[PDB]
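Shown next: run.pdb, given as PDB, C-alpha atoms.
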```pdb
ATOM      1  CA  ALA S   1     212.514  74.061 162.291
ATOM      2  CA  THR S   2     215.300  75.730 160.337
ATOM      3  CA  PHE S   3     214.825  78.828 158.177
ATOM      4  CA  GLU S   4     217.620  80.099 155.975
ATOM      5  CA  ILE S   5     217.102  83.761 155.123
ATOM      6  CA  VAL S   6     219.052  84.877 152.049
ATOM      7  CA  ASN S   7     219.472  88.401 150.731
ATOM      8  CA  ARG S   8     219.902  88.239 146.954
ATOM      9  CA  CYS S   9     219.126  91.963 146.603
ATOM     10  CA  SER S  10     221.889  94.285 145.466
ATOM     11  CA  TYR S  11     221.232  96.418 148.542
ATOM     12  CA  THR S  12     221.531  95.695 152.269
ATOM     13  CA  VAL S  13     218.416  94.636 154.136
ATOM     14  CA  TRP S  14     217.792  94.099 157.792
ATOM     15  CA  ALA S  15     215.899  90.847 158.191
ATOM     16  CA  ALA S  16     213.361  90.466 160.977
ATOM     17  CA  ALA S  17     211.596  87.489 162.516
ATOM     18  CA  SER S  18     208.852  87.717 165.144
ATOM     19  CA  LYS S  19     205.671  86.063 166.338
ATOM     20  CA  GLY S  20     204.175  89.363 167.461
ATOM     21  CA  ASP S  21     204.843  89.208 171.191
ATOM     22  CA  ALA S  22     208.377  87.851 171.012
ATOM     23  CA  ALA S  23     211.389  87.612 168.737
ATOM     24  CA  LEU S  24     212.083  84.433 166.794
ATOM     25  CA  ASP S  25     215.719  83.463 167.324
ATOM     26  CA  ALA S  26     217.722  86.716 167.501
ATOM     27  CA  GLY S  27     214.802  88.682 166.043
ATOM     28  CA  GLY S  28     216.818  90.582 163.449
ATOM     29  CA  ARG S  29     220.119  90.973 161.672
ATOM     30  CA  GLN S  30     221.811  92.965 158.947
ATOM     31  CA  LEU S  31     222.182  91.066 155.661
ATOM     32  CA  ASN S  32     224.511  92.509 153.090
ATOM     33  CA  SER S  33     224.008  91.503 149.468
ATOM     34  CA  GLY S  34     224.538  87.757 149.209
ATOM     35  CA  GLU S  35     224.546  87.052 152.950
ATOM     36  CA  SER S  36     222.556  84.222 154.538
ATOM     37  CA  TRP S  37     221.262  83.980 158.086
ATOM     38  CA  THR S  38     220.060  80.685 159.525
ATOM     39  CA  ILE S  39     217.563  80.756 162.371
ATOM     40  CA  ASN S  40     215.869  78.132 164.474
ATOM     41  CA  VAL S  41     212.155  78.365 165.094
ATOM     42  CA  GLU S  42     210.523  76.327 167.858
ATOM     43  CA  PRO S  43     208.119  73.625 166.682
ATOM     44  CA  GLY S  44     204.485  74.575 167.228
ATOM     45  CA  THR S  45     205.137  78.243 166.541
ATOM     46  CA  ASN S  46     201.908  79.876 165.438
ATOM     47  CA  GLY S  47     201.668  83.180 163.594
ATOM     48  CA  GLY S  48     205.334  83.730 162.850
ATOM     49  CA  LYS S  49     206.423  86.281 160.265
ATOM     50  CA  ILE S  50     209.668  87.109 158.486
ATOM     51  CA  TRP S  51     210.224  90.355 156.587
ATOM     52  CA  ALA S  52     212.903  92.684 155.311
ATOM     53  CA  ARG S  53     213.530  96.223 156.482
ATOM     54  CA  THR S  54     215.173  98.839 154.284
ATOM     55  CA  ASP S  55     217.307 101.931 154.885
ATOM     56  CA  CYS S  56     218.012 101.350 158.558
ATOM     57  CA  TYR S  57     220.309 103.181 160.939
ATOM     58  CA  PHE S  58     221.253 101.569 164.226
ATOM     59  CA  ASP S  59     223.636 102.649 166.965
ATOM     60  CA  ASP S  60     225.811 100.347 169.069
ATOM     61  CA  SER S  61     222.876  99.550 171.380
ATOM     62  CA  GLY S  62     220.793  98.182 168.503
ATOM     63  CA  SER S  63     218.422 101.145 168.560
ATOM     64  CA  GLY S  64     217.554 103.238 165.524
ATOM     65  CA  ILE S  65     215.086 103.559 162.663
ATOM     66  CA  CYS S  66     214.221 101.937 159.310
ATOM     67  CA  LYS S  67     212.235 103.428 156.419
ATOM     68  CA  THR S  68     210.202 100.269 155.880
ATOM     69  CA  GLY S  69     209.282  97.580 158.381
ATOM     70  CA  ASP S  70     210.581  99.302 161.512
ATOM     71  CA  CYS S  71     209.717  97.332 164.660
ATOM     72  CA  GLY S  72     209.732  99.973 167.389
ATOM     73  CA  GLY S  73     213.243 101.124 166.514
ATOM     74  CA  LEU S  74     214.970  97.871 167.445
ATOM     75  CA  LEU S  75     217.515  95.887 165.437
ATOM     76  CA  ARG S  76     216.263  92.742 167.151
ATOM     77  CA  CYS S  77     212.503  92.734 166.615
ATOM     78  CA  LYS S  78     210.144  91.626 169.360
ATOM     79  CA  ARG S  79     207.013  92.801 167.554
ATOM     80  CA  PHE S  80     205.754  93.167 163.988
ATOM     81  CA  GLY S  81     207.004  95.902 161.678
ATOM     82  CA  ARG S  82     205.459  99.055 160.280
ATOM     83  CA  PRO S  83     204.039  98.758 156.747
ATOM     84  CA  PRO S  84     204.848  98.552 153.987
ATOM     85  CA  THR S  85     206.241  95.035 154.453
ATOM     86  CA  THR S  86     206.022  92.002 152.180
ATOM     87  CA  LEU S  87     205.365  89.183 154.666
ATOM     88  CA  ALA S  88     206.416  85.540 154.824
ATOM     89  CA  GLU S  89     203.905  83.983 157.234
ATOM     90  CA  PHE S  90     203.915  80.575 158.867
ATOM     91  CA  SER S  91     202.324  78.401 161.484
ATOM     92  CA  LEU S  92     204.205  75.230 162.329
ATOM     93  CA  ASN S  93     203.084  71.804 163.543
ATOM     94  CA  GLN S  94     199.373  72.512 163.512
ATOM     95  CA  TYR S  95     197.739  69.108 163.828
ATOM     96  CA  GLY S  96     200.585  67.524 161.873
ATOM     97  CA  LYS S  97     200.955  70.165 159.151
ATOM     98  CA  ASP S  98     202.888  73.374 158.475
ATOM     99  CA  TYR S  99     201.107  76.283 156.761
ATOM    100  CA  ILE S 100     202.995  78.928 154.786
ATOM    101  CA  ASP S 101     202.059  81.932 152.693
ATOM    102  CA  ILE S 102     203.201  85.270 151.411
ATOM    103  CA  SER S 103     201.003  88.270 152.157
ATOM    104  CA  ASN S 104     200.666  91.788 150.717
ATOM    105  CA  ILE S 105     197.948  92.691 153.237
ATOM    106  CA  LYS S 106     200.432  95.063 154.918
ATOM    107  CA  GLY S 107     201.848  96.272 151.615
ATOM    108  CA  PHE S 108     205.030  95.439 149.749
ATOM    109  CA  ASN S 109     208.605  96.585 150.128
ATOM    110  CA  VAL S 110     210.945  93.854 148.848
ATOM    111  CA  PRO S 111     210.278  90.942 146.477
ATOM    112  CA  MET S 112     210.386  87.533 148.095
ATOM    113  CA  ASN S 113     210.419  83.775 147.542
ATOM    114  CA  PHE S 114     209.346  81.468 150.398
ATOM    115  CA  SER S 115     210.102  77.794 149.689
ATOM    116  CA  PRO S 116     210.587  74.572 151.631
ATOM    117  CA  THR S 117     214.104  73.069 151.621
ATOM    118  CA  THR S 118     212.632  69.681 152.484
ATOM    119  CA  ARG S 119     210.274  67.596 150.342
ATOM    120  CA  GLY S 120     206.494  67.482 150.282
ATOM    121  CA  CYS S 121     205.220  70.843 149.047
ATOM    122  CA  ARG S 122     205.702  73.812 146.716
ATOM    123  CA  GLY S 123     206.939  77.309 147.436
ATOM    124  CA  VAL S 124     205.356  80.682 146.752
ATOM    125  CA  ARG S 125     206.763  83.889 145.325
ATOM    126  CA  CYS S 126     205.944  87.560 144.899
ATOM    127  CA  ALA S 127     208.671  89.024 142.704
ATOM    128  CA  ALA S 128     206.934  91.592 140.500
ATOM    129  CA  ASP S 129     207.927  95.263 140.436
ATOM    130  CA  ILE S 130     205.162  96.319 142.767
ATOM    131  CA  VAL S 131     206.996  99.432 143.962
ATOM    132  CA  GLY S 132     207.576 100.668 140.417
ATOM    133  CA  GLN S 133     203.951 100.137 139.390
ATOM    134  CA  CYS S 134     202.418 101.277 142.708
ATOM    135  CA  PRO S 135     199.293 103.466 142.399
ATOM    136  CA  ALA S 136     200.134 107.067 143.294
ATOM    137  CA  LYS S 137     197.892 107.103 146.376
ATOM    138  CA  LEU S 138     199.577 104.002 147.828
ATOM    139  CA  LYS S 139     203.183 105.074 147.308
ATOM    140  CA  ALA S 140     205.182 105.353 150.525
ATOM    141  CA  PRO S 141     207.773 108.173 150.577
ATOM    142  CA  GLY S 142     210.275 106.096 152.550
ATOM    143  CA  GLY S 143     209.902 103.503 149.818
ATOM    144  CA  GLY S 144     207.466 100.679 149.231
ATOM    145  CA  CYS S 145     203.815 100.390 148.296
ATOM    146  CA  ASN S 146     201.287 100.606 151.121
ATOM    147  CA  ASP S 147     198.115  98.589 151.359
ATOM    148  CA  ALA S 148     194.846 100.508 151.222
ATOM    149  CA  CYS S 149     193.903  99.756 154.833
ATOM    150  CA  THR S 150     197.069 101.400 156.120
ATOM    151  CA  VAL S 151     196.479 104.451 153.929
ATOM    152  CA  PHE S 152     192.722 105.038 154.181
ATOM    153  CA  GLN S 153     191.605 103.300 157.398
ATOM    154  CA  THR S 154     188.103 102.320 156.218
ATOM    155  CA  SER S 155     186.002  99.323 157.234
ATOM    156  CA  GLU S 156     186.030  98.089 153.641
ATOM    157  CA  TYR S 157     189.818  98.105 153.146
ATOM    158  CA  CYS S 158     190.566  96.818 156.650
ATOM    159  CA  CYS S 159     187.679  94.322 156.592
ATOM    160  CA  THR S 160     186.725  95.432 160.086
ATOM    161  CA  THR S 161     183.212  93.935 160.059
ATOM    162  CA  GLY S 162     184.432  90.608 158.696
ATOM    163  CA  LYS S 163     182.614  91.332 155.461
ATOM    164  CA  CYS S 164     184.480  93.034 152.652
ATOM    165  CA  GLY S 165     185.133  92.479 148.987
ATOM    166  CA  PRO S 166     188.114  93.005 146.720
ATOM    167  CA  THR S 167     188.855  96.625 145.793
ATOM    168  CA  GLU S 168     190.654  98.512 143.029
ATOM    169  CA  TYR S 169     193.678  98.582 145.302
ATOM    170  CA  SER S 170     193.638  94.922 146.318
ATOM    171  CA  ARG S 171     193.238  93.916 142.666
ATOM    172  CA  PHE S 172     196.467  95.762 141.883
ATOM    173  CA  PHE S 173     198.469  93.609 144.283
ATOM    174  CA  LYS S 174     196.628  90.491 143.077
ATOM    175  CA  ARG S 175     197.280  91.222 139.396
ATOM    176  CA  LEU S 176     201.039  91.443 139.969
ATOM    177  CA  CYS S 177     201.296  88.689 142.598
ATOM    178  CA  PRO S 178     198.482  86.132 142.281
ATOM    179  CA  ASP S 179     200.058  83.798 144.848
ATOM    180  CA  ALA S 180     200.064  86.319 147.714
ATOM    181  CA  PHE S 181     197.130  87.449 149.890
ATOM    182  CA  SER S 182     195.886  90.792 148.589
ATOM    183  CA  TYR S 183     193.218  91.527 151.199
ATOM    184  CA  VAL S 184     191.887  89.956 154.402
ATOM    185  CA  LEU S 185     189.232  87.749 152.772
ATOM    186  CA  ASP S 186     191.179  86.820 149.649
ATOM    187  CA  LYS S 187     190.836  83.240 148.413
ATOM    188  CA  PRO S 188     193.599  81.599 150.455
ATOM    189  CA  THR S 189     196.947  81.009 148.771
ATOM    190  CA  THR S 190     198.243  79.162 151.808
ATOM    191  CA  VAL S 191     200.422  76.119 151.133
ATOM    192  CA  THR S 192     200.211  73.014 153.303
ATOM    193  CA  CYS S 193     203.540  71.302 154.025
ATOM    194  CA  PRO S 194     204.476  68.287 156.147
ATOM    195  CA  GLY S 195     204.877  69.095 159.831
ATOM    196  CA  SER S 196     208.438  70.028 160.782
ATOM    197  CA  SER S 197     209.556  71.066 157.292
ATOM    198  CA  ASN S 198     212.514  73.434 156.810
ATOM    199  CA  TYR S 199     212.438  76.579 154.694
ATOM    200  CA  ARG S 200     214.321  79.255 152.804
ATOM    201  CA  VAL S 201     213.197  82.858 152.469
ATOM    202  CA  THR S 202     215.002  84.664 149.641
ATOM    203  CA  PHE S 203     214.770  88.425 149.177
ATOM    204  CA  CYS S 204     214.980  89.561 145.526
ATOM    205  CA  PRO S 205     214.841  86.005 144.193
ATOM    206  CA  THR S 206     215.106  87.028 140.531
ATOM    207  CA  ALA S 207     217.454  89.957 141.093
TER     208      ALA S 207
END
```
As C-alpha coordinates, the full file:
Amino acid sequence: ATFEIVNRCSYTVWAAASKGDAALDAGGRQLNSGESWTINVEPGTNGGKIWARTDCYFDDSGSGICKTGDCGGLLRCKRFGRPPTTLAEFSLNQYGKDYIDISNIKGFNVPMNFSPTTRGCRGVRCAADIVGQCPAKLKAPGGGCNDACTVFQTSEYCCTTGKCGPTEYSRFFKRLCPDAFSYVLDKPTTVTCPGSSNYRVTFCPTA
(Lines of atoms letter the chains of each structure in order from A and count residues from 1; the text may use other names and numbers.)
(Lines give C-alpha, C1' and ligand atoms only; values in the text may rest on other atoms or scores of the structure.)
Protein backbone atom coordinates (compact mmCIF):
# COMPACT_ATOMS: atom_id res chain seq x y z
CA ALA A 1 0.00 0.00 0.00
CA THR A 2 1.13 3.55 -0.69
CA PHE A 3 1.05 6.35 1.89
CA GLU A 4 1.82 9.91 0.91
CA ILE A 5 2.87 11.95 3.93
CA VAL A 6 2.51 15.71 3.41
CA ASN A 7 3.70 18.48 5.69
CA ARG A 8 1.39 21.47 5.28
CA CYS A 9 2.66 23.03 8.53
CA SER A 10 4.64 26.25 8.33
CA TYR A 11 7.39 24.56 10.34
CA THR A 12 9.62 21.56 9.61
CA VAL A 13 8.57 18.19 10.97
CA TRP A 14 10.34 14.89 11.01
CA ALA A 15 7.87 12.23 9.93
CA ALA A 16 8.09 8.74 11.39
CA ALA A 17 6.58 5.40 10.42
CA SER A 18 6.90 2.21 12.47
CA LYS A 19 5.07 -0.95 13.44
CA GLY A 20 6.69 -1.04 16.87
CA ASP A 21 9.41 -3.61 16.30
CA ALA A 22 10.55 -2.40 12.90
CA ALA A 23 10.60 0.65 10.66
CA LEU A 24 8.07 1.03 7.87
CA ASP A 25 9.92 1.93 4.67
CA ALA A 26 12.83 4.20 5.68
CA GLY A 27 11.28 4.79 9.11
CA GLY A 28 11.68 8.57 9.11
CA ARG A 29 12.54 11.66 7.14
CA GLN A 30 12.73 15.42 7.43
CA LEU A 31 9.80 17.23 5.79
CA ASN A 32 10.15 20.94 5.25
CA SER A 33 6.99 22.99 4.85
CA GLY A 34 5.18 21.76 1.76
CA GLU A 35 7.26 18.62 1.24
CA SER A 36 5.74 15.20 0.54
CA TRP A 37 7.21 11.79 1.25
CA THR A 38 5.79 8.65 -0.33
CA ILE A 39 6.30 5.34 1.43
CA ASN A 40 5.39 1.77 0.68
CA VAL A 41 3.86 -0.37 3.39
CA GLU A 42 3.71 -4.15 3.02
CA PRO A 43 0.22 -5.61 2.69
CA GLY A 44 -0.94 -7.33 5.87
CA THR A 45 0.87 -4.86 8.10
CA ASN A 46 -0.79 -4.83 11.50
CA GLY A 47 -0.42 -2.07 14.07
CA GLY A 48 1.40 0.48 11.97
CA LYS A 49 1.63 4.10 13.08
CA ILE A 50 2.69 7.36 11.46
CA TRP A 51 3.43 10.52 13.45
CA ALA A 52 5.28 13.80 13.32
CA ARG A 53 8.23 14.80 15.47
CA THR A 54 9.05 18.41 16.25
CA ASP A 55 12.22 20.36 17.05
CA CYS A 56 14.71 17.66 16.15
CA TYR A 57 18.48 17.77 15.91
CA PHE A 58 20.32 15.01 14.09
CA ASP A 59 23.99 14.56 13.25
CA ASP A 60 25.37 12.97 10.09
CA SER A 61 24.85 9.47 11.52
CA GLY A 62 21.11 10.04 11.94
CA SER A 63 21.37 10.19 15.72
CA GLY A 64 19.99 13.01 17.84
CA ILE A 65 16.92 14.14 19.76
CA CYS A 66 13.41 15.54 19.17
CA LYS A 67 11.20 17.45 21.61
CA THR A 68 8.09 15.48 20.70
CA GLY A 69 7.82 11.94 19.37
CA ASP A 70 11.48 10.96 19.74
CA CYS A 71 12.04 7.29 18.89
CA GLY A 72 15.20 6.41 20.81
CA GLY A 73 17.16 9.26 19.25
CA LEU A 74 17.04 7.92 15.70
CA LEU A 75 16.11 9.77 12.51
CA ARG A 76 14.91 6.47 11.07
CA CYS A 77 12.48 5.08 13.63
CA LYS A 78 12.40 1.38 14.44
CA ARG A 79 10.09 1.78 17.44
CA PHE A 80 7.26 4.04 18.56
CA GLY A 81 7.85 7.61 19.70
CA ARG A 82 7.71 9.34 23.06
CA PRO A 83 4.47 11.21 23.81
CA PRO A 84 3.00 13.59 23.10
CA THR A 85 2.26 12.33 19.59
CA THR A 86 -0.92 12.59 17.52
CA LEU A 87 -1.11 9.13 15.92
CA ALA A 88 -2.31 7.88 12.54
CA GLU A 89 -2.93 4.16 13.12
CA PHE A 90 -3.62 1.41 10.63
CA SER A 91 -3.91 -2.30 10.13
CA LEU A 92 -3.96 -3.47 6.54
CA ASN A 93 -5.56 -6.45 4.80
CA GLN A 94 -7.26 -7.88 7.86
CA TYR A 95 -9.72 -10.42 6.49
CA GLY A 96 -10.24 -8.29 3.39
CA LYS A 97 -10.45 -4.88 5.06
CA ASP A 98 -8.17 -2.01 6.08
CA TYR A 99 -8.77 -0.26 9.42
CA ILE A 100 -7.65 3.32 10.06
CA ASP A 101 -7.98 5.80 12.88
CA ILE A 102 -6.46 8.81 14.54
CA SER A 103 -5.64 8.54 18.23
CA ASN A 104 -4.94 11.05 21.03
CA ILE A 105 -4.33 8.25 23.55
CA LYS A 106 -0.63 9.22 23.58
CA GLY A 107 -1.38 12.94 23.49
CA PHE A 108 -1.28 15.49 20.71
CA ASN A 109 1.54 17.42 19.10
CA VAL A 110 0.58 18.28 15.50
CA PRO A 111 -2.84 18.46 13.83
CA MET A 112 -3.49 15.76 11.27
CA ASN A 113 -5.77 14.51 8.51
CA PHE A 114 -5.69 10.81 7.56
CA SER A 115 -7.64 10.06 4.36
CA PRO A 116 -7.77 7.38 1.68
CA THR A 117 -6.61 8.39 -1.82
CA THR A 118 -8.61 5.52 -3.28
CA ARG A 119 -12.39 5.08 -3.19
CA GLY A 120 -14.58 3.27 -0.69
CA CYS A 121 -14.35 5.11 2.63
CA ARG A 122 -14.07 8.43 4.46
CA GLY A 123 -11.11 10.04 6.17
CA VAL A 124 -10.69 11.31 9.71
CA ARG A 125 -9.18 14.50 11.09
CA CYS A 126 -8.02 16.07 14.33
CA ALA A 127 -7.19 19.69 13.53
CA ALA A 128 -8.26 21.68 16.59
CA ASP A 129 -5.86 23.84 18.59
CA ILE A 130 -5.31 21.23 21.25
CA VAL A 131 -1.91 22.59 22.27
CA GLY A 132 -3.27 26.11 22.77
CA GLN A 133 -6.22 24.92 24.86
CA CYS A 134 -4.30 22.19 26.75
CA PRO A 135 -5.10 21.91 30.48
CA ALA A 136 -2.19 23.25 32.53
CA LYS A 137 -1.39 19.86 34.09
CA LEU A 138 -1.12 18.18 30.68
CA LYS A 139 1.09 20.77 29.00
CA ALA A 140 4.44 19.41 27.84
CA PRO A 141 7.37 21.87 28.12
CA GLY A 142 8.96 20.64 24.90
CA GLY A 143 5.63 21.37 23.26
CA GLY A 144 2.44 19.39 22.86
CA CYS A 145 -0.34 18.23 25.15
CA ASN A 146 0.22 14.98 27.04
CA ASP A 147 -2.42 12.39 27.73
CA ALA A 148 -3.32 11.79 31.37
CA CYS A 149 -1.87 8.27 31.47
CA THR A 150 1.57 9.54 30.50
CA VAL A 151 1.39 12.29 33.13
CA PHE A 152 -0.22 10.57 36.13
CA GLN A 153 0.37 6.82 35.63
CA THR A 154 -2.84 5.61 37.31
CA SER A 155 -4.89 2.50 36.56
CA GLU A 156 -7.86 4.68 35.64
CA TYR A 157 -6.08 6.87 33.06
CA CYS A 158 -4.04 3.99 31.61
CA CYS A 159 -6.97 1.54 31.76
CA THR A 160 -4.64 -1.06 33.23
CA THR A 161 -7.37 -3.38 34.54
CA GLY A 162 -9.31 -3.26 31.27
CA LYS A 163 -12.05 -1.35 33.04
CA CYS A 164 -11.98 2.43 33.01
CA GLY A 165 -14.30 5.26 32.15
CA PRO A 166 -13.86 8.63 30.50
CA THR A 167 -12.19 11.31 32.63
CA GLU A 168 -12.02 15.10 32.77
CA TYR A 169 -8.83 14.85 30.76
CA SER A 170 -10.08 12.43 28.12
CA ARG A 171 -13.21 14.55 27.65
CA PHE A 172 -10.98 17.51 26.79
CA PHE A 173 -9.42 15.68 23.85
CA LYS A 174 -12.84 14.32 22.84
CA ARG A 175 -14.51 17.75 22.92
CA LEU A 176 -11.94 19.20 20.51
CA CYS A 177 -11.50 16.10 18.33
CA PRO A 178 -14.59 13.86 18.39
CA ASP A 179 -13.25 11.62 15.61
CA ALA A 180 -10.07 10.58 17.45
CA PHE A 181 -9.68 8.05 20.28
CA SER A 182 -9.49 9.93 23.57
CA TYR A 183 -8.88 7.01 25.93
CA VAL A 184 -8.33 3.25 25.70
CA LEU A 185 -12.01 2.23 25.90
CA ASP A 186 -13.45 5.11 23.89
CA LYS A 187 -16.30 4.28 21.51
CA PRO A 188 -14.29 3.32 18.43
CA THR A 189 -13.84 5.92 15.70
CA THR A 190 -12.10 3.42 13.47
CA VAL A 191 -12.91 3.60 9.76
CA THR A 192 -13.21 0.47 7.64
CA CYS A 193 -11.79 0.74 4.12
CA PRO A 194 -11.44 -1.76 1.28
CA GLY A 195 -8.39 -4.00 1.60
CA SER A 196 -5.32 -2.61 -0.16
CA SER A 197 -6.45 1.03 -0.17
CA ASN A 198 -3.91 3.87 -0.46
CA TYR A 199 -3.70 6.84 1.88
CA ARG A 200 -2.52 10.36 2.55
CA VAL A 201 -1.49 11.70 5.94
CA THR A 202 -1.41 15.50 6.02
CA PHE A 203 0.10 17.43 8.93
CA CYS A 204 -1.58 20.80 9.61
CA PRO A 205 -4.37 20.15 7.11
CA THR A 206 -6.09 23.50 7.67
CA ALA A 207 -2.91 25.51 8.20
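When all atoms listed in the file are used to measure the gap to residue 38 (chain S), the shortest distance among S:159, S:92, S:102, S:201 belongs to S:201.
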The PyMOL selection byres ((chain S and resi 175) around 12) applied to the shown file, residues as a list in words:
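This file gives the following for the PyMOL selection byres ((chain S and resi 175) around 12): residues 104, 126, 128, 129, 130, 133, 134, 166, 167, 168, 169, 170, 171, 172, 173, 174, 176, 177, 178, 179, 180, 181 and 182 of chain S.
Between residue 20 (chain S) and the residues S:204, S:56, S:87, S:77, the shortest atom-to-atom distance, using only C-alpha atoms, involves S:77.
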Expansion of the PyMOL selection byres ((chain S and resi 39) around 6) into residues, as a list in words
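What the PyMOL selection byres ((chain S and resi 39) around 6) grabs from the file is residues 2, 3, 25, 38 and 40 of chain S.
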Could you please take those selected residues and save C-alpha atoms as an mmCIF file, in the frame of the given file?
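Writing done, so here's result-v9.cif:
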```cif
data_model
loop_
_atom_site.group_PDB
_atom_site.id
_atom_site.type_symbol
_atom_site.label_atom_id
_atom_site.label_comp_id
_atom_site.auth_asym_id
_atom_site.auth_seq_id
_atom_site.Cartn_x
_atom_site.Cartn_y
_atom_site.Cartn_z
ATOM 1 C CA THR S 2 215.300 75.730 160.337
ATOM 2 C CA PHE S 3 214.825 78.828 158.177
ATOM 3 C CA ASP S 25 215.719 83.463 167.324
ATOM 4 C CA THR S 38 220.060 80.685 159.525
ATOM 5 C CA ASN S 40 215.869 78.132 164.474
#
```
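You can rank S:98, S:70, S:89, S:35 by their closest distance to residue 50 (chain S) using all atoms listed in the file, and at the top of that list sits S:89.
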I'd like the residues picked by the PyMOL selection byres ((chain S and resi 26) around 9) written out as a list in words, using the chain letters and numbers from the file.
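Expected selection for the PyMOL selection byres ((chain S and resi 26) around 9) here is residues 16, 17, 23, 24, 25, 27, 28, 29, 39, 76 and 77 of chain S.
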